[PDB]
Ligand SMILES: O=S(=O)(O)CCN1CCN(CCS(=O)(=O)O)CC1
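Just one chain follows, in the form deposited without the named molecule, and it is written as structure tokens.
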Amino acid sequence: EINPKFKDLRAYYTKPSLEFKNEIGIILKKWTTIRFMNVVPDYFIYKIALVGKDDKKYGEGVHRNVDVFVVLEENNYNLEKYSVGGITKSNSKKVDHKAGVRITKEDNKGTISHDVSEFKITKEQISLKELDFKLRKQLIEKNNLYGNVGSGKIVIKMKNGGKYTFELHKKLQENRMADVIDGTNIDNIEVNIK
């Protein structure tokens, strides 16, 4: 049932995630090829890589009203607690929003199945990192993504008419992990797997 072709992707997207909300981030002096936002929600200092749009977005010093979606990863910076992107502005109000998920899957035998879920949204502003990670994990667990088949796309359709796309044959690009969208404006999610 489990094609070893998809081993790396299935491994990555079954990693545990952590969520730190209403926190502060501290950015110190640059000391390598990239900068980090430090978050300290427990006895650890989490080093959050500033990639893509985040590098210009957050200057040296203190940033308040930060939420981070964390997936701890191994890294080349010799850091114990490291994660990439996933930084968003904390809520300014309760958010209780639901977006329908429609899943079309075609296996190696050409069998076409359809499935549905509901993606619960509790955040005003949500990172692509979080949408991409939670949705793939769910598809692995419920729809056998990266089992029999491991290609296709997730598409997040915005109420404002726009859309964002995640190709399932590759890990989400690290620069896009820092991209953020308006959670309240997600309309529906379309997933096609083959």
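Note that residue numbering begins at 1 and tracks the sequence as displayed.
The form solved in complex with the named molecule exists for this protein as well; it is not shown, and the discussion that follows is about that form.
Contact with the named molecule in the deposited complex, judged by any heavy atom within 4.5 Å, is made by just one of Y146, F69, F36, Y46: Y46. The stretch from 138 to 146, 36 to 44, 22 to 30, 55 to 63 that comes within 4.5 Å of the named molecule in the deposited complex, counting heavy atoms only, is 36 to 44. Residue contact check for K81: one or more of its heavy atoms lie within 4.5 Å of the named molecule in the deposited complex. Using a 4.5 Å cutoff between non-hydrogen atoms, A11 does not count as a contact of the named molecule in the deposited complex.
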